[PDB]
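Some notes on the structure that comes next.
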Amino acid sequence: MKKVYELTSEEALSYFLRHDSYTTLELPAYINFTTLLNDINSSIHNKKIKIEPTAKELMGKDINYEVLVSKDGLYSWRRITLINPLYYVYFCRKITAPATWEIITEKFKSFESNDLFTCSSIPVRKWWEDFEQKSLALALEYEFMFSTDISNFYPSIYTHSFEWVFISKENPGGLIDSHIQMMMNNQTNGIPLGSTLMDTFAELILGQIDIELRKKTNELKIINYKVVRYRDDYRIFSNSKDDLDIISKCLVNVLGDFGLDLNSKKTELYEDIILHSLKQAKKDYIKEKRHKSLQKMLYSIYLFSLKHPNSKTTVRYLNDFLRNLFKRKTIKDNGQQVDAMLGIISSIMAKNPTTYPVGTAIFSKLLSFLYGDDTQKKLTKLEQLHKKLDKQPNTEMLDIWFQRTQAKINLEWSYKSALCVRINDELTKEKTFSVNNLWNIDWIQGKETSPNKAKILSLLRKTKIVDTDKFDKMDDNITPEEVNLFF
Amino acid sequence: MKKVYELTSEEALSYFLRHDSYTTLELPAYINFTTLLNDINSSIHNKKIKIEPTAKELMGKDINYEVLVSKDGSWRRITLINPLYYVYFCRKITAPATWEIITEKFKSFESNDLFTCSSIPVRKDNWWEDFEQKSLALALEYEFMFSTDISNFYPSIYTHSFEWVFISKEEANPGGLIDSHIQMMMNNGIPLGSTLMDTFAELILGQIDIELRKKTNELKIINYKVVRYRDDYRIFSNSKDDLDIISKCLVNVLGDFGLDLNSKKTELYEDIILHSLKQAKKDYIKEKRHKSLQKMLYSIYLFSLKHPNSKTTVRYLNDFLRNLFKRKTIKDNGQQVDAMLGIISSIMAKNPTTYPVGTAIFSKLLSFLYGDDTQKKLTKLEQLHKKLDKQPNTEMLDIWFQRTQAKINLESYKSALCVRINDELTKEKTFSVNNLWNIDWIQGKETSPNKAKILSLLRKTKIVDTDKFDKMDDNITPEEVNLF
Amino acid sequence: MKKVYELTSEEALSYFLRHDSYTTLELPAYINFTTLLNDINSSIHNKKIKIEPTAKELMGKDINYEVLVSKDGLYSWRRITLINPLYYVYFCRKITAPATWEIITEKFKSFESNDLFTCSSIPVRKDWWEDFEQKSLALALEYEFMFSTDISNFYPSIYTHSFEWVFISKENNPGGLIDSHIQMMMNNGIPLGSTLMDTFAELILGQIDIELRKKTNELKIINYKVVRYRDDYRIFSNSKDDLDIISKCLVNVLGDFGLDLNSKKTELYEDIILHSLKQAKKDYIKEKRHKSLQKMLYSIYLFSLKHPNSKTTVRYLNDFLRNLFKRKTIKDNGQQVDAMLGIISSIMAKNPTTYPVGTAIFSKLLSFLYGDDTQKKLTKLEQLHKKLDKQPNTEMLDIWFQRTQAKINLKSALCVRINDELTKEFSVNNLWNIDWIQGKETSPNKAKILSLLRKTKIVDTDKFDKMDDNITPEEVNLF
């Protein structure tokens, strides 16, 4: 498969306009932004519309749509950004321009010449992870390991560092620096998170830290080592404890120039490479007992959810429970056992927000057993489920996946989410779809009835972001196949 | 099925005169007290005998038979209530002049919507407990849980409190009927091991539910649910401040009944799913299924250390008996079988509740090795007796060795019940009732028409149903253990 | 089968001349010392060569070859001795003579009279739960408490002069012929490796048993039983006070032999079933069976860190080898295989006892990956040898690494002697010293002995090609 850099300019624009590359959220399948991005693209190419930004016009206006995922802790959240589709296609068309994309593709090819390092996180155009398989394999060659991570790589990048990538001291770097400035209030504070476009930018400076670390490396003559990397997750292998310490002090020096540093918690020099190549949550998943009883397995999942809270391994181990739900036929003692399993899975979600897709699928399929067709009694248990889970402060990701099950059981009866009310407009077949408080067009010059803004408003209000053809083909309950792609 | 309060007087006395109703001991299946208790009922019915006790006639006499079960470790005392006094005390309760107003008090417990009980006696017929499955389902509604027990509930029930579940003010009712007759058989406590004594506990526990509901409605605390099983309390609320105020009212209403809370088992939880199952139930789920017999039996032994004297070990041992009965041939009988006998002998040495299932696999393990050689098999069973005889109680052991030794040989006991069962098994004439139950309180000397016609009914009536004994297996079957 | 003392004089020599009896060291199947020693015997019986020892001539000369096994700890190693073949067949013929053999068998038979003491570690002619563990488990039916100990360093601390005290009292003795024949073959305790030493160790061990029962019958203590394996004691009784006076008597009789009990492994156990099995065996039952190859091999690595250099881990790598041999085609050789080669390489680089089985899974794994291309495989074996040569001693590595290397293509005196017999060239140089023989190499006596050592092959070429390319589970299950 082709990575982002060994493909052509026309292929890079077509790749960046995919709903996959636009935003990598745990979103239902019926949401698809490809047609909207590909319509506003060809409209700029056909000169039907014109996108022309200005730092003065853009300063002081919030542009994007931010969705909050709890990630971990439940007192902290991650700000995933839905970039304005108008500014996104324009910003994709500008870096995919052959004048600068030629420089970008060859800058990545220079990272491949850095032969000591291995970046397994470069985006690609579509067992165990390669980051782990590459670490277990090099134990045959090296005995020691240095694992580390970056505190907030995406939120702490000094945006002016992009200029330091292509040129040194004092170019596509200034182009990148200037346009993350146009969004996010011209603060140079951070870069957005939740897009392949933003990931491709991160790997440019990640590979540049890789370039500059090798430059300090060769000056001190330490060339018998290897590095396996995935985003900010660094793993340096060598057979000399003295070398790793020097490489660590050089890696903290190069990060000191880009305004970053190592996570003191997740930074350690290791002697058992095989032990520390896997996460502790993935190790305990191996030892979990295989159960045939549903309640025995589901209760075992909850206990696993305490030792490893808000972990994606809990979703994998919950997804396999959902695999066995569709395989079973009759659920004996539905009046007693099903009610008990509902309270179990409701508590797993009340403490682990990452399990909203699977947990809603668990709550949906178990209710198709207790109430076959009586959707009225089904809706009361979801409202009971929502009343509990809504006690958390930021529950927008719940409302989106709660809507997937809601839309297939009853469309006639207020989600309070700008995206969810937009989906509901396209689900209820409304005349014009809402765009207010979803994406701000105030940066575009003119009035709402101006020949340009009203023409762009026609695209935002008529283009469907929901594949109603796929939605009608989707099953009544959430299937494991819809969640299996989230890994 | 129907509850104990959903029965009329004609079938309430029928339920109370069942062997399961009379005692709840882990007695073998060839001792059914149904024929004795139902025939002495007819004697009072057709005026053959007269049974009317008096506080002065009965004060100072140990009327009932007592069997000690260690429970954990500290040993409980289950009471085999005197059959004469039992049927008199059940007929007076099932009298329609009082049974109509005892079940009426049970019906008022049903109107208490916030409280949910599952420990009411149920007229039975010929996985996951409801106490846990109900609490697991309540995590959808509530988030906090308050779980306590009543410390020594049965041994410390104030006897005069039975009058308080009907009328509050006391001066010079079914409460006095129960308060007066319980003090006659005992002399402060309540006997254990009978479902009649459980129905009395549910009335005083149900009144606690009613009185707590009156105290919680005056304080305007409405959003909570209670799941109760006898002593075990579980209160569910979404408010940590409401939950520890209902607690302060529970200790007040239990403080007026001479009761208290087990402070060692009193806790306010947050994970309802976590503390809905006991620790023994959780670790039982995690256990690896071993195909090897010695590997599994050794794993069961290690479980008994981390969970001393628990019914989960009996359930985990009963699965090993099901595996033994499935086997038809075992190999390496020399070193492997002898090592397994030593493993189970150590389990019973520290887990007294494993006496039935421990003797079960021991007799089944011996038949796999020594075969039909009754001499070598019986001598090894006596070697097991000598080891376990060091423990203080072991009265239940003699009850269950009697079931094992009788099916392979005949002729000890050293127990009034064991010698009586042995007399009924060997088919003698006069069954020994001399030291089993004290009938001295029956006014009149021997040979008199009342005591002699009662002695004729205590000696000639068979409590050991021999047709069932002749239909069982030589070794203890897993089905027998499953009934307990 | 029959024990070592239940064999007559003629077969006792045939037993001591067997390769699995000459050495218990885990060696490849193509090594067979049965041909060399048994042909040296027939040379002594035919008077073609006469081995005459002298305490003055043998003094100041290392007569034997030694191979180091790490055992455990990795900073400590145990010296396994391949006794000199000439001195071995001589010293084997000396005690197996009917005059001195009848006295030894009459002594081992006296150990049978000690009904309270049962030994399951006497050497026996060949053909789950070990008997030391199964017997200790069944005794829980009779007794309640247990007292398990181990002599601190039994073999290396035996006073060689104590072999007389097992046949005489204080001060022509049969045990005296052993005190002088061990102090001659080594610069003056008992060596390690040969079953001849196991029989000598069991002599005084049975005498510790006889002398202990004298002190316990004197103190009117009799209601107890003892299960023993070599120096591993397990004393059972129903009286904790009796057990402390039995142990206090065991340290006395052991102190009379200059022997010590390990303080670290000494405890009066309240629970027999709990401590009847080693901890590594108890955790082996707790391990979850895995259908995935990598999930199993990673679980093996985790087990080796809680029980380092354990023979229980060897059994559990052997299960992995049996599963590899069953699989016809491998699943995803590009990524999954290269990782498993690193897992086993890290296990062998910290658990030296896993050198044989580990080399086996290394080779079988490369056959699934690189296939029949031996050039691409040899570069990985060199990568494995480099990672493991960082260990200090190795040697045992090189022995089991020849078995894989020499089977596909052609450091120590032993591994080059095997190399000589695989090229049909046989230099006995620097392997067994012969300088304790009168005359030079030109003299007929020494020249005739060099001929028998050089002509007889210690490697059976008919078995080498008969063996498989990779080390099979049937080879590692013997050890």
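Ordered as shown in the structure tokens, chains take letters A, B, and onward, while each chain numbers its residues from 1 and ligands are numbered from 1 in the order shown.
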
7 Å contacts from chain A to chain C using only C-alpha atoms, as a list in words: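 The answer, sorted by residue number, is residues 133, 136, 137, 138, 139, 140, 141, 274 and 287 of chain A.
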
Specify as a CSV table (one decimal) with C-alpha atoms, in the first residue's frame all residues of chain C found within 10 Å of chain B, counting only C-alpha atoms.
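Final output, part_22.csv:
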chain,number,residue,atom,x,y,z
C,128,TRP,CA,3.3,-35.3,36.3
C,129,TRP,CA,4.1,-36.1,40.0
C,130,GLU,CA,7.4,-37.5,41.1
C,131,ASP,CA,7.5,-40.2,43.7
C,133,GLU,CA,6.0,-35.6,45.9
C,134,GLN,CA,3.3,-38.3,45.6
C,135,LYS,CA,4.5,-40.1,48.7
C,136,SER,CA,4.7,-36.8,50.7
C,137,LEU,CA,1.1,-36.1,49.6
C,138,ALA,CA,-0.4,-39.4,50.7
C,139,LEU,CA,1.2,-39.1,54.2
C,140,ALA,CA,-1.1,-36.2,55.0
C,141,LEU,CA,-3.7,-38.9,55.7
C,142,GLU,CA,-1.6,-40.2,58.6
C,143,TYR,CA,0.6,-37.3,59.8
C,144,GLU,CA,-0.2,-33.6,60.2
C,271,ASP,CA,0.6,-27.7,56.1
C,272,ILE,CA,1.9,-30.7,54.2
C,273,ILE,CA,-0.1,-30.4,50.9
C,274,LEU,CA,0.9,-26.7,50.5
C,282,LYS,CA,2.4,-25.1,41.4
C,285,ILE,CA,-0.9,-25.6,36.6
C,286,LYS,CA,-2.1,-22.0,36.8
C,287,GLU,CA,-0.8,-21.1,33.4
C,288,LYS,CA,-3.6,-20.6,30.7
C,289,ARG,CA,-3.3,-22.9,27.7

Please identify all polymer residues within 7 Å of residue 226 (chain A), counting only C-alpha atoms, omitting same-chain residues fewer than 2 positions from it, and present them as a PyMOL selection string. chain A and resi 116-117+228+236-238

Residues of chain A no more than 6 Å from chain B, counting only C-alpha atoms: send them over as a tab-separated table (two decimals) with N, CA, C and O atoms, in the first residue's frame.
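File written: out.tsv
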chain	number	residue	atom	x	y	z
A	339	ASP	N	-31.61	-8.34	32.87
A	339	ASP	CA	-31.62	-7.14	33.69
A	339	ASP	C	-30.31	-6.97	34.45
A	339	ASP	O	-29.83	-5.85	34.64
A	340	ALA	N	-29.71	-8.09	34.88
A	340	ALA	CA	-28.43	-8.01	35.59
A	340	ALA	C	-27.30	-7.61	34.64
A	340	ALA	O	-26.44	-6.80	35.01
A	343	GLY	N	-27.31	-3.83	33.92
A	343	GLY	CA	-26.67	-3.03	34.96
A	343	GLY	C	-25.16	-3.15	34.95
A	343	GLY	O	-24.46	-2.20	35.33

Which residues come within 8 Å of residue 155 (chain B), counting only C-alpha atoms, excluding same-chain residues fewer than 3 positions away, as a ChimeraX atom specification? /B:152,188-191

Neighbour list for region 48-51 of chain C as an mmCIF file with N, CA and C atoms, in the first residue's frame, cut-off 8 Å, only C-alpha atoms, skip fewer than 3 positions in-chain:
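around20.cif, freshly written:
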data_model
loop_
_atom_site.group_PDB
_atom_site.id
_atom_site.type_symbol
_atom_site.label_atom_id
_atom_site.label_comp_id
_atom_site.auth_asym_id
_atom_site.auth_seq_id
_atom_site.Cartn_x
_atom_site.Cartn_y
_atom_site.Cartn_z
ATOM 1 N N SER C 43 40.085 -54.339 27.453
ATOM 2 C CA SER C 43 41.538 -54.272 27.366
ATOM 3 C C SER C 43 42.201 -54.558 28.707
ATOM 4 N N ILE C 44 41.549 -54.198 29.815
ATOM 5 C CA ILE C 44 42.082 -54.547 31.129
ATOM 6 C C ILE C 44 41.859 -56.027 31.414
ATOM 7 N N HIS C 45 40.717 -56.568 30.980
ATOM 8 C CA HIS C 45 40.433 -57.980 31.206
ATOM 9 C C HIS C 45 41.291 -58.877 30.325
ATOM 10 N N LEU C 86 40.172 -43.857 31.774
ATOM 11 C CA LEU C 86 41.066 -44.894 32.277
ATOM 12 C C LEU C 86 40.903 -45.080 33.781
ATOM 13 N N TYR C 87 40.927 -43.979 34.537
ATOM 14 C CA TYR C 87 40.729 -44.072 35.979
ATOM 15 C C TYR C 87 39.310 -44.510 36.324
ATOM 16 N N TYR C 90 38.969 -48.399 35.834
ATOM 17 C CA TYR C 90 39.746 -49.014 36.903
ATOM 18 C C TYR C 90 39.002 -48.934 38.228
ATOM 19 N N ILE C 437 51.029 -42.008 33.768
ATOM 20 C CA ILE C 437 51.460 -43.321 33.303
ATOM 21 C C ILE C 437 52.960 -43.272 33.050
ATOM 22 N N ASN C 445 53.368 -48.873 26.484
ATOM 23 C CA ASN C 445 52.178 -48.807 27.328
ATOM 24 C C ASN C 445 51.348 -47.568 27.014
ATOM 25 N N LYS C 448 49.969 -47.672 23.315
ATOM 26 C CA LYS C 448 48.818 -48.548 23.127
ATOM 27 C C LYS C 448 47.543 -47.925 23.685
ATOM 28 N N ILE C 449 47.658 -47.133 24.753
ATOM 29 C CA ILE C 449 46.481 -46.481 25.319
ATOM 30 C C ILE C 449 45.997 -45.363 24.406
#

Using only C-alpha atoms, find the one residue out of C:77, C:126, C:167, C:147 that sits nearest to residue 478 (chain C).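 Checking each candidate against residue 478 (chain C), we get C:126 as the closest.
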
Could you give me the residues within region 248-431 of chain C that DSSP places in strand (DSSP E or B), as JSON, numbers by chain? {"C": [261, 267, 268, 269]}

Output for the residues just chosen: N, CA and C atoms as a short mmCIF file (atom, residue, chain, number, x, y, z; two decimals), in the first residue's frame:
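Result saved to part.cif:
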data_model
loop_
_atom_site.label_atom_id
_atom_site.label_comp_id
_atom_site.auth_asym_id
_atom_site.auth_seq_id
_atom_site.Cartn_x
_atom_site.Cartn_y
_atom_site.Cartn_z
N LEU C 261 23.05 -28.07 57.16
CA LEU C 261 21.75 -27.86 56.55
C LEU C 261 21.63 -26.40 56.12
N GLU C 267 12.32 -25.22 57.55
CA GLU C 267 11.07 -24.75 58.13
C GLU C 267 10.26 -25.94 58.63
N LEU C 268 9.56 -25.74 59.74
CA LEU C 268 8.61 -26.71 60.26
C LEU C 268 7.23 -26.34 59.72
N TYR C 269 6.81 -27.02 58.65
CA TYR C 269 5.61 -26.63 57.93
C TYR C 269 4.36 -27.11 58.64
#

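Across the structure, CA of residue 28 (chain A) and CA of residue 319 (chain A) are spaced 15.5 Å apart.
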